[PDB]
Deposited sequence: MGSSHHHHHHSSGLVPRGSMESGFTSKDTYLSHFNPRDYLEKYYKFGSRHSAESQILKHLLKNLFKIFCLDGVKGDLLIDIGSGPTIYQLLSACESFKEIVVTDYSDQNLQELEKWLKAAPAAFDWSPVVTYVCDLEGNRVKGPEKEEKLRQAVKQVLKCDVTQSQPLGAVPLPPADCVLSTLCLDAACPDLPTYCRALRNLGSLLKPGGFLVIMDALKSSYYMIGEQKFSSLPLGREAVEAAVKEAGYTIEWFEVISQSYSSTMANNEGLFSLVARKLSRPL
């Protein structure tokens, strides 16, 4: 009820409140909008970056926790080639429900097939799409509530230390300021083994992203601020990349995207 003037749920605090992600984040619209253009170009670039990290570089191990998975599984497709077990997490219940629809292969679930086929092509067509989605489904062990602003982001859910914490397009959305952002990155560290990987992909200098006409706050960090927060949260950056490709103005006012792979100090 600020009617676009300001992101939804931000009128008082200046950033979209977390209760907004339980109310107004509609996973189906979210999926319809970004994951069915500038949006598909970004998706391609994320997919190729994830392929490279997990399949070409040595980002490998036993357990990966995906932080702020949303209703989406495209971030996990190359990861399952490299990680025995995957935990997907998100603050929004409706997102977790959408994920569980997908995991059970409910007919009512979102069709990921063309994104799955694209990952298969990237991976050299060793298998086709249906075989790949099913390897991913069996790799996904847990679907949990996450709050990255909490020092136990997963609460009392016991999990062994992870080899990788992944987070795509989430931290910008979740963190109203840079102290919270740095704190969230430290929080995610609590889940990682000594020297575990941390993989973040997110938008640069983006202050909102739309779901159709629903406006959500994003933390408008540049490259230097991202680098600073990662370092202070107790990590050594292995590689950091920035692309200039942006979403359409009608989805986000971002100036490019970043991806990084860091290790816990």
Absent from the model, numbered along the deposited sequence, are 1-9, 46-50, 280-283
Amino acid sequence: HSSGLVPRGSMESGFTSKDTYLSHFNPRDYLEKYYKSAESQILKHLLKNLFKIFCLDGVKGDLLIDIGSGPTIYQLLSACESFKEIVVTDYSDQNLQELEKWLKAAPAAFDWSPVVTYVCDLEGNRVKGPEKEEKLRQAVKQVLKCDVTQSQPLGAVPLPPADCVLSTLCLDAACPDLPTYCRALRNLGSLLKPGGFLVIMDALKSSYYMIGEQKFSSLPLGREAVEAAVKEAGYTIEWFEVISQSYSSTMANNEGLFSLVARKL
From here on, numbers count along this sequence of modelled residues.
Assert higher mean C-alpha B factor (84-92 or 117-125, deposited values) equals 117-125
Of 72-80 and 107-115, the stretch with the higher mean C-alpha B-factor in the deposited entry is 107-115
Chain-relative C-alpha B factor for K132 (record values, thirds): the middle
Binned into thirds over the chain's modelled residues, the C-alpha B-factor of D163 lands in the middle
Tertile call for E241 (CA temperature factor, within chain, third-based) is the lowest
In terms of its chain's C-alpha B-factors, the third that includes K193 is the highest
Of the three thirds of the chain ranked by Cα temperature factor, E100 occupies the highest
